[PDB]
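> Take a look at the following structure, please.
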Amino acid sequence: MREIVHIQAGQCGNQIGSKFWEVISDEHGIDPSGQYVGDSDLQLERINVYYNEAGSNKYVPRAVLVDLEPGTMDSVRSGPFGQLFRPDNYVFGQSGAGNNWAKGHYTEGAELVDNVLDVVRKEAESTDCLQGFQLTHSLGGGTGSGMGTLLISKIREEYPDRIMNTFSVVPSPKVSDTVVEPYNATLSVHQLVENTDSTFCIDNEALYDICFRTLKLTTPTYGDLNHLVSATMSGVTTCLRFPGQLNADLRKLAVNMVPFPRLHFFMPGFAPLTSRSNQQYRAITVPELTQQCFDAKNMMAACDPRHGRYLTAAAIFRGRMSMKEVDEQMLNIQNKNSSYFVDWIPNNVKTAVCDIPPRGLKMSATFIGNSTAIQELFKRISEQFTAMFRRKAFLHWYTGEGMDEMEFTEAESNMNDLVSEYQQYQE
Amino acid sequence: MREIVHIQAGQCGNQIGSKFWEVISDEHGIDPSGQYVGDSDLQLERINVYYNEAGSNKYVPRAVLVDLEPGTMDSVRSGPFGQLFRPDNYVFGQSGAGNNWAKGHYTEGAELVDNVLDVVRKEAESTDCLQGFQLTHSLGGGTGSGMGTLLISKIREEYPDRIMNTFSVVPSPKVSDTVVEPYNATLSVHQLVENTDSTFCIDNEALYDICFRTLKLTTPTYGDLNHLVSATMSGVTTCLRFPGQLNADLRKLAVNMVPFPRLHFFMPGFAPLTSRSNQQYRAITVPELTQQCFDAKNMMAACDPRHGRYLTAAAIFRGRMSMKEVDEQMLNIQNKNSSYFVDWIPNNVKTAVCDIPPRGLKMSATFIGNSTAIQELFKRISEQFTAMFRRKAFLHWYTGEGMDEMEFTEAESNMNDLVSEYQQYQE
Amino acid sequence: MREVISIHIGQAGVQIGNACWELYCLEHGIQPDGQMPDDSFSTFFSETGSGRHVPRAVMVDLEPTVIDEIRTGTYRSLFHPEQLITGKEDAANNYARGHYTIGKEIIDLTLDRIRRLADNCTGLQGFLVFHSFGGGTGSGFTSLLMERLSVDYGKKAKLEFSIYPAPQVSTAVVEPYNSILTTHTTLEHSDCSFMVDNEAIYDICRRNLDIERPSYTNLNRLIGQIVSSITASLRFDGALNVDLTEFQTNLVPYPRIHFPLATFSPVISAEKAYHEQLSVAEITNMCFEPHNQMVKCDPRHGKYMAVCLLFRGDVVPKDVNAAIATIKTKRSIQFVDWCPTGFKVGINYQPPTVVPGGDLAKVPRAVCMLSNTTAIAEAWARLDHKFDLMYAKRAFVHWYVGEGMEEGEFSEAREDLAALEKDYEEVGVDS
Amino acid sequence: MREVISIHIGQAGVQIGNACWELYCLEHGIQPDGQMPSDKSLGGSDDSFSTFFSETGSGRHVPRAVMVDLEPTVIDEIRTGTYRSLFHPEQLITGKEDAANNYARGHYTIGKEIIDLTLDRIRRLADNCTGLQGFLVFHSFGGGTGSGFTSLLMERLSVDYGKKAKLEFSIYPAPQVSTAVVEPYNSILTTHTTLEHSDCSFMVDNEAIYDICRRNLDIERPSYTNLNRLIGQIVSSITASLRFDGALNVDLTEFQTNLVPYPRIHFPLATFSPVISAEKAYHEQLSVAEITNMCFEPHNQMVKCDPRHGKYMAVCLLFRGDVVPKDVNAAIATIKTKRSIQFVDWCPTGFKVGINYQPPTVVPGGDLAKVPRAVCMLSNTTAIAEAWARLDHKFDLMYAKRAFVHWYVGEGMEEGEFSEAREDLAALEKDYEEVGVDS
Amino acid sequence: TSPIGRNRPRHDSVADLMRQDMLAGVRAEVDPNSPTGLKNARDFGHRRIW
Amino acid sequence: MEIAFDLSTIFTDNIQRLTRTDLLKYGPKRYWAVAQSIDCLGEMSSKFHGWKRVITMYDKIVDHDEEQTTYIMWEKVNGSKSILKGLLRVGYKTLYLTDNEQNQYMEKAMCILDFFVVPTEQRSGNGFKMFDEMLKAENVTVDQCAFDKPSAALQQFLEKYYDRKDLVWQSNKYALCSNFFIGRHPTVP
Ligand SMILES: Nc1nc2c(ncn2[C@@H]2O[C@H](COP(=O)(O)CP(=O)(O)OP(=O)(O)O)[C@@H](O)[C@H]2O)c(=O)[nH]1
Ligand SMILES: Nc1nc2c(ncn2[C@@H]2O[C@H](COP(=O)(O)OP(=O)(O)OP(=O)(O)O)[C@@H](O)[C@H]2O)c(=O)[nH]1
Ligand SMILES: O=S(=O)(O)CCN1CCN(CCS(=O)(=O)O)CC1
């Protein structure tokens with residue numbers, strides 16, 4: 001009754017989406033072949049949110065797997081849980097955008113977006129009542145960033161009323177892996193501001209820092225970071241699929257956390273993250289859970305919230321718990337840190353509780369925050385873009401597909417306006 | 001009760017008949033040796049429709065294999081089901097007709113027609129109450145196109161009231177493998193229009209297109225095409241062998257479809273045809289089955305059904321399904337495509353639901369369509385015949401066997417009347 | 001069940017028969033002594049009851065040196081010793097000597113042997129006459145033999161494989177006369193005359209096979225491959241079998257238009273076949289190249305009328321249909337407007353067998369494109385020009401008229417061939 | 001699904017292609033005679049062989065190579081060598097007379113003889129592959145054939161195809177070890193064409209690789225075989241991302257976008273840092289940090305130039321084997337914090353990282369030891385402008401006296417081409433000077 | 001040498017495509033040391049932590 | 001798996017040797033059962049291993065440039081009906097072997113082209129019987145045989161049933177055992 005359409009774009013988007021679907025199938029007890037092997041009636045109930053029916057208790061996701069490189073489709077199919085997806089939902093081009101925003105946004109992305117929209121519309125029309133769309137991509141690349149932004153614009157044009165959540169992986173200079181990432185990020189920020197209901201900024205630096213200092217993982221790979229992002233993504237929409245004492249869908253979170261239309265860039269997080277060595281030395285009750293939630297070192301946006309007060313906060317709890325403890329913990333964390341919250345808003349934290357925790361955990365909480373620390377996240381990109389555009393480096397690659405310097409200036413101005421909007425409420 | 005005599009003429013007819021008997025043996029659990037190894041009582045209560053009991057749990061098919069060259073019949077004897085047929089039912093000549101209608105109809109065919117009629121009469125007199133005749137042939141060849149028509153004339157003279165069913169493979173220009181096939185096609189349809197009661201038009205082009213688009217088979221061999229035709233043949237007469245909620249035998253179909261004596265050319269099809277990749281991810285339901293039955297790409301004739309108004313249609317569903325769903329789906333198909341059906345017939349389609357699906361299949365539906373679009377095949381054959389007859393391209397071969405140039409003129413004119421009548425009711 | 005009588009006349013016909021029977025023995029696994037270490041060989045061999053296999057062939061030739069080579073050769077044990085008909089004096093490249101004078105000496109024995117072969121049969125399909133137009137006996141004796149066969153077996157088919165004079169390469173001074181005289185008897189009695197040219201096969205061997213100096217031992221092997229591809233439908237099963245009767249029905253539009261060409265597609269060297277993807281489309285496309293026909297003529301200057309493609313080996317019918325559609329899309333390959341479906345297809349499952357030491361390479365598939373086109377009239381025009389030049393001054397007609405033969409039949413045959421080429425020109429006209 | 005075309009021109013190009021195709025045959029498990037013994041590899045993810053080797057129905061694999069040379073000696077040596085049955089006989093294009101170390105002979109007089117056949121064979125190869133990704137061109141930068149015929153073929157290919165990528169692996173003349181007296185003339189005449197029509201030209205010096213072999217391999221007196229093996233290793237590591245699975249796959253278009261900032265500034269360097277003998281490898285730890293550090297030292301560059309005088313502009317590190325991105329990030333941080341390694345101010349991030357999960361293969365009998373990790377550091381450094389300056393100085397020294405101009409003008413090539421090429425190279429050096437200076 | 005009969009043209013792939021219950025499901029596991037196996041283990045897998 | 005034919009009327013024993021000459025004799029025109037068994041077992045092996053195309057086919061064997069031997073294990077069920085319990089294809093090939101210390105070899109050794117046992121009979125301990133029968137019939141020791149891209153399960157099979165471990169891998173996707181005493185080195189370092 002509240003179906004969600006999932007779109008994966010680019011290599012990072014496809015890998016995070018594969019991890020996300022693996023985690024959801026774990027939660028719903030769905031076999032990797034599409035069969036249902038769950039043991040609880042709750043998992044099968046309201047399974048239509050993320051899955052369709054294929055007869056003989058076989059369920060397939062509503063995912064649309066999108067990339068300009070067929071190698072990503074081959075890897076997804078060969079990887080675990082790759083048999084779960086519908087083959088007709090695999091849409092691909094001849095070759096990747098090559099880290100070029102224009103290549104993936106004006107010619108190859110334009111040619112493939114028709115097929116992608118056809119698949120998305122076919123999936124959406126089958127739903128009884130879709131709540132909205134969620135999309136996973138990376139801002140640093142060409143294919144993901146550019147053509148995912150094109151998809152965002154097209155879908156927002158087609159479905160103006162539905163909730164649009166993008167879990168974009170923003171680039172950071174510490175863990176830079178490409179050269180022309182600032183150009184694509186700056187060109188995508190404008191589209192993300194314009195045509196998204198709520199976007200969850202994710203950074204690789206923050207995920208590596210979490211895996212290194214919160215966990216004690218030796219040689220973390222992309223799989224662990226994708227699993228953390230997957231856990232956050234699953235915990236965001238846990239109320240839609242399971243009963244709870246105080247439910248909250250995506251629209252409720254958007255209402256709570258968006259004081260103003262452009263101020264919807266969130267900061268995700270996960271509560272029960274702790275090392276394997278410290279499993280037995282630390283309890284997992286509500287107080288320490290919220291303490292982690294609001295800890296500055298447990299954020300996936302690679303920004304210190306201590307440099308900017310939160311506009312709003314939201315901790316979506318899971319598992320059996322008492323609302324009194326949750327409410328008093330939220331009040332304590334909002335009063336003891338009054339310098340880290342805005343005064344002009346009386347209550348900053350929205351609390352949601354679900355009765356089903358993730359498998360293997362007694363209770364879990366997902367923290368998302370509309371802090372003003374995103375100022376630094378976009379300031380890094382603005383600085384890099386300004387430095388590169390001062391001497392017009394690598395610009396001929398973008399101008400060779402139809403772009404112009406005027407569009408680059410427009411994107412830079414829009415992102416500067418957004419960061420100024422965050423700044424002027426910091427005070 | 002309601003026994004059916006099956007006759008295989010020519011190489012293509014023999015191949016199709018062998019595949020059809022393999023399919024039927026699979027349906028009824030008949031071992032290739034002729035024994036019964038089935039597991040359901042309903043597979044044996046109506047074994048007399050297609051088979052004769054040999055006493056020692058052996059069920060020889062009621063089939064007559066006729067071909068002017070012994071190579072095909074030797075291959076059938078050495079094939080997988082060489083022990084099934086009665087050894088004396090094999091009737092053959094010394095040399096083939098050589099793709100010559102005159103050779104296979106006037107002298108070489110007529111030498112063997114006496115023996116063929118003798119064995120057909122012997123098989124027919126062994127039935128409790130004969131229903132009709134099934135004959136499989138190809139219009140493009142010489143042996144098939146001539147001997148089959150002569151046999152049809154002889155049987156119609158002998159049995160004027162029994163139903164006559166011919167599964168003819170009409171030649172197609174895109175898969176043309178004979179230089180003089182339009183001549184044989186015209187000289188065959190001349191007798192087919194007057195004599196038979198239901199001709200199922202099959203095109204190799206349409207079958208290849210099905211195996212490519214739908215089943216996504218890279219290398220479609222003749223086994224696949226013969227198996228498709230066999231599935232259609234099994235679906236047509238499934239109400240004579242298994243119980244069903246709604247029953248429709250050959251005579252019921254003949255009454256329901258043809259409004260006029262000469263409009264008995266049908267376009268068949270099959271609903272559950274799906275590729276291996278999409279096999280698991282597609283839920284087979286009555287709406288999907290009906291949509292695939294009425295899909296233009298699923299037709300087994302090259303002519304597009306969208307180019308002419310449907311006169312009558314018949315979908316013989318197989319499997320346990322609710323009659324309300326079937327009726328609502330068929331009415332929805334009629335209403336959506338109201339421009340594709342004749343307005344002077346209120347209900348344009350006949351429905352039949354059987355209880356026993358094909359083995360290994362949960363739900364199936366066989367489509368039989370009678371549309372004016374079938375005039376396209378005859379128009380193409382007429383164009384080719386006119387082009388070759390303007391200069392008597394190969395007429396000397398036919399005139400050497402006793403034919404006349406006036407007979408060729410009559411056949412072209414008579415087939416033009418068939419095109420005219422089909423075009424008459426299409427506006 | 002279905003067996004074919006093969007007759008070889010003249011040195012060219014006899015040597016071509018040697019190559020053909022070597023190829024057949026290799027294909028069916030028959031040793032040169034005749035012993036075989038199922039029903040495949042029934043077409044081209046007769047069971048002796050004792051396990052030996054005698055080929056159904058007659059080697060007739062006026063000069064005995066080549067037949068003596070056979071009788072002293074490796075294959076001296078295959079053929080029936082009384083089937084190797086011999087004479088004493090050759091025709092000396094004279095039509096009259098082979099037609100009347102020396103012909104009547106052994107024509108009765110040849111007819112008796114042919115009747116003996118036909119009587120020991122149940123399913124006779126046709127005749128395979130191998131001869132050369134330019135030769136003396138291979139023209140006159142062939143004419144007389146076919147004249148008697150058209151009387152004794154008027155119903156059976158007569159497939160003739162004739163060596164044709166080359167446009168430039170010549171080995172005789174009076175071969176135009178013999179060819180012109182034989183063109184009379186080809187029309188009257190024969191049913192399909194797959195003429196081939198020595199110069200065309202020379203060019204094929206020089207270009208595709210890359211051998212620089214072939215001496216008849218590659219030409220005969222190629223002709224044997226062609227005839228084996230033609231007759232493979234009668235002894236090996238497969239999809240879309242093509243018997244001789246349907247072959248003639250599809251290939252011969254009019255009684256006088258019965259002179260098809262011949263072509264073998266995958267004729268490539270051993271070291272080049274290893275690095276080439278010999279797809280069905282590729283071989284079908286390279287069939288129609290002008291530099292691949294075995295007759296020295298340009299098919300692009302004429303209109304195709306009926307094309308037979310006898311595919312062999314591992315071939316899928318859908319590939320054949322796609323290749324034929326590709327061929328029909330091209331405008332260079334022009335077909336007559338009155339034959340919209342001028343393609344006849346045969347797909348035999350048996351791949352070709354390559355002879356040890358042969359020039360041909362081992363390939364999984366092959367096709368023999370047999371096209372009846374109006375472009376063959378150029379060769380007849382060339383022989384008409386040569387005959388007119390040689391007959392204006394009456395260069396050597398005295399040798400003919402001095403051997404019990406009339407002068408007027410020269411002009412009669414000349415106007416017969418003129419009528420034939422006029423008929424081809426008339427038929428080639430689009431409706 | 002992704003295929004590239006390898007074109008080898010001249011003696012140096014063909015000889016380097018020998019090692020390149022040996023490396024490819026060992027890497028993809030293809031025997032030198034053409035057969036691929038592994039039937040199971042004809043399926044699944046093991047279909048990587050289609051990138052270089054075209055498949056035939058007979059089970060043989062035909063490399064997508066065009067070995068063209070104006071003289072038949074080297075190609076005949078191949079045809080009598082072990083790889084005689086590997087290449088297609090029609091692809092091995094031969095002339096009758098070499099270019100005699102003359103640009104004009106290779107460009108016009110002898111070029112026009114077989115340029116049409118070479119283009120026909122290249123077109124035939126291109127029409128066979130459905131996923132043509134680009135062209136790999138191997139040629140001696142200062143030879144006769146490898147200059148003139150390479151120029152002609154490159155301009156013809158640019159006309160015919162256009163948007164398809166074209167990557168050149170040239171043998172730049174060494175500052176001191178030059179085997180011919182007329183090297184700079186051909187070098188600067190082909191500089192004009194290689195700049196206009198190519199996309200990424202990775203020049204190589206023989207002396208630099210000689211020094212690398214002497215130091216890192218203890219090979220006192222090396223030969224051309226070692227140099228060819230090293231160049232083949234570099235090319236295999238470059239193309240590894242097109243045929244193997246790994247995090248951060250780098251396509252050719254990704255490489256061009258990341259590394260080439262301006263249309264004319266497209267002449268990078270190349271180095272295969274983890275080059276070490278079988279003995280020193282035991283003592284070395286061979287981790288990501290040290291192999292990344294070894295890339296940037298001046299003694300490991302395969303062009304005889306000191307990077308310290310030239311600020312780095314864009315670096316593409318193509319890792320292989322057991323590599324985890326955290327190690328690459330740490331190495332990048334340590335490289336950026338170094339004061340000696342000077343980057344430009346207009347490129348805040350100049351590292352493009354490509355990781356592959358296929359460890360490098362080692363040819364038996366080769367000097368390179370088996371390693372678990374490998375990396376190619378392709379840097380668009382400005383310091384090679386010193387090498388161009390040396391080449392221009394040599395050209396000026398010979399052209400001040402018209403040393404051998406008559407040889408060139410006697411084959412239909414104008415004398416003004418020398419001045420045109422000199423001013424083009426001067427413009428290229430001026431562009432490098434303009435780009436290198438900080439804002 | 002003997003005549004060769006072929007079984008590929010006699011294959012009937014459609015007879016299996018018409019099934020709707022027979023599902024393979026189980027698939028082989030790629031080599032962990034292979035690049036595909038390494039990618040599946042690193043970018044498509046995770047060390048369990050809760 | 002199951003085949004609607006009585007395989008006991010052709011095959012003289014449970015595990016029947018099938019050479020190229022044997023397969024040519026058992027033509028699909030009159031002996032379709034053996035060809036269908038080969039093709040279906042090859043299709044099952046390809047489906048289980050996930051290969052893009054089927055590597056084991058009757059036509060691919062009969063027309064192969066080199067002689068190959070395939071092994072079939074069956075079981076008569078009732079009348080004209082039988083089941084198939086495995087497939088094994090072996091043959092001789094020329095391999096460019098490379099042992100330790102970068103020694104180059106060029107020796108002729110047995111190859112394991114295809115080895116597959118049906119899942120229902122995989123736990124019955126019958127693949128060992130099939131391999132023992134192959135070794136007895138072709139009198140080749142495990143020392144001088146080569147494995148074409150052996151799977152993991154094959155690795156445990158070898159190291160458990162023959163105590164053969166540490167399969168040294170060659171460049172041609174072949175993992176031959178640690179027994180390189182076949183012949184002298186064509187080249188030494
Ligand atoms: N759908 C099928 N079409 C077939 C099959 N076999 C042949 N054909 C087609 O049939 C057409 C010719 O039919 P036949 O080959 O059966 C000729 P016929 O037996 O009627 O006469 P003769 O020439 O006297 O043998 C031609 O288009 C073939 O491609 C088959 O198994 N299935
Ligand atoms: N690394 C390497 N350098 C080579 C090789 N062959 C030649 N060179 C260098 O390339 C330059 C000349 O190359 P040539 O091979 O002489 O050039 P070409 O243009 O092919 O010569 P012609 O065919 O005589 O016109 C010199 O600097 C040589 O040292 C080789 O195999 N490997
Ligand atoms: O032998 S037993 O039946 O006990 C075990 C089954 N056996 C294992 C070894 N191989 C599998 C190799 S592969 O098919 O995985 O490559 C044949 C099957």
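Just so it is clear, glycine is given a Cβ too, placed from its N, Cα and C backbone atoms.
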> For the GTP site that Swiss-Prot lists with B:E69, B:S138, B:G142, B:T143, B:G144, B:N204, B:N226, give the additional residue from the candidates B:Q11, B:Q279, B:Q280, B:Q291.
B:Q11
> Return the residue, from the listed binding-site residues B:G144, B:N204, with the maximum count of other C-beta atoms within 10 angstroms of its C-beta.
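For the binding-site residues B:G144, B:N204, the Cβ with the most other Cβ atoms within 10 Å is B:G144.
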> Across all chains shown, how many C-beta atoms besides its own are within 10 angstroms of the C-beta of B:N226 (GTP binding site)?
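By my count, 25.
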> Measure from each Cβ of the binding-site residues B:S138, B:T143, B:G144 to the Cβ atoms of chain C, and list in sequence order the residues where some distance is under 8 Å, or 'none'.
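Of B:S138, B:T143, B:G144, none lie near chain C.
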> Counting Cβ neighbours within 10 Å across all chains shown, tell me which of the binding-site residues B:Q11, B:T143 comes out on top.
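Counting Cβ neighbours within 10 Å, the top one is B:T143.
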> Which number gives the other C-beta atoms within 10 angstroms of the C-beta of B:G142 (GTP binding site), all protein chains shown included?
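Excluding its own Cβ, the number within 10 Å is 32.
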> Just to confirm: which same-chain residues, 6+ apart in sequence, have a Cβ under 8 Å from the Cβ of B:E69 (GTP binding site)?
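Set apart from B:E69 (GTP binding site) by at least 6 residues yet with Cβ under 8 Å, we have B:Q11, B:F92, B:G93, B:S95, B:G96, B:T143.
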> Counting every protein chain present, what is the number of Cβ atoms, excluding its own, within 10 Å of the Cβ of B:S138 (GTP binding site)?
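Neighbour count, Cβ to Cβ under the 10 Å cut-off: 29.
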> Provide the three-state secondary structure of B:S138 (GTP binding site) computed with DSSP.
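SS state of B:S138 (GTP binding site) = strand.
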